[PDB]
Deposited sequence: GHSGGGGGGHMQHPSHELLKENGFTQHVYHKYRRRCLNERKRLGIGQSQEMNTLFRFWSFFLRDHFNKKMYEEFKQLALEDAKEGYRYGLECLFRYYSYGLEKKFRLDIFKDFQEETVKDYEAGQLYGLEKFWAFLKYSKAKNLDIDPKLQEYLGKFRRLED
């Protein structure tokens, strides 16, 4: 019943419901601050799954921006969802712009003293179906 799940059903997505639901999550985040909104978490989660089956560039962009604004504040759930999306989604259907984003954020995450991104990227290669990997990122995987 929660829009975060209902919008994931076979034919459950409508523009009206999503926008109303997207608005509430954003408003709650603004009101209670970053890392303090239960909905926003739902929206992050809704995003990583939904985009895997229904890629929308503009939606992915908002997803990506909000996740990185959260992570730089210390609340990394949104970024984990983005990484989960990158690994799971690109596995499902490969997109070069998205994969290039994947490599970029994975490097930034590892350079930030983190392992979540690197582990998700490694997992992608393992379950993925000739790609040009970043040489600096290739070195990071070697020590993983």
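message = Comparing the deposited sequence with the modelled residues, which stretches have no C-alpha coordinates?
response = In the chain as deposited, 1 to 11, 141 to 142, 158 to 162 carry no coordinates.
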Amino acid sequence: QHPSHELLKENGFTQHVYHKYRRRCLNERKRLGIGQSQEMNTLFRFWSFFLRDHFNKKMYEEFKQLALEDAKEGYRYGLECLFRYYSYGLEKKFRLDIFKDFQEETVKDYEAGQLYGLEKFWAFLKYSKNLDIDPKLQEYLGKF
From here on, numbers count along this sequence of modelled residues.
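By rigid core we mean the largest C-alpha set that fits within 1.5 Å across both forms.
query = Taking RMS over all structures and residues, which stretch has CA atoms farther from the shown form in 4 other deposited structures of this protein, 91 to 99 or 78 to 86, after a rigid core fit?
reply = Output: 91 to 99, the stretch lying farther off on average in 4 other deposited structures of this protein.
task = Between 132 to 140 and 12 to 20, point out the one with the higher average CA B-factor as the PDB entry records it.
result = So the stretch with the higher mean C-alpha B-factor is 132 to 140.
Selected stretch [higher average CA B-factor]: 55 to 63 or 87 to 95 = Result: 87 to 95.
Out of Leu32, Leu68, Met40, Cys81, residue topping the C-alpha B-factor column of the entry = That would be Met40, according to the entry.
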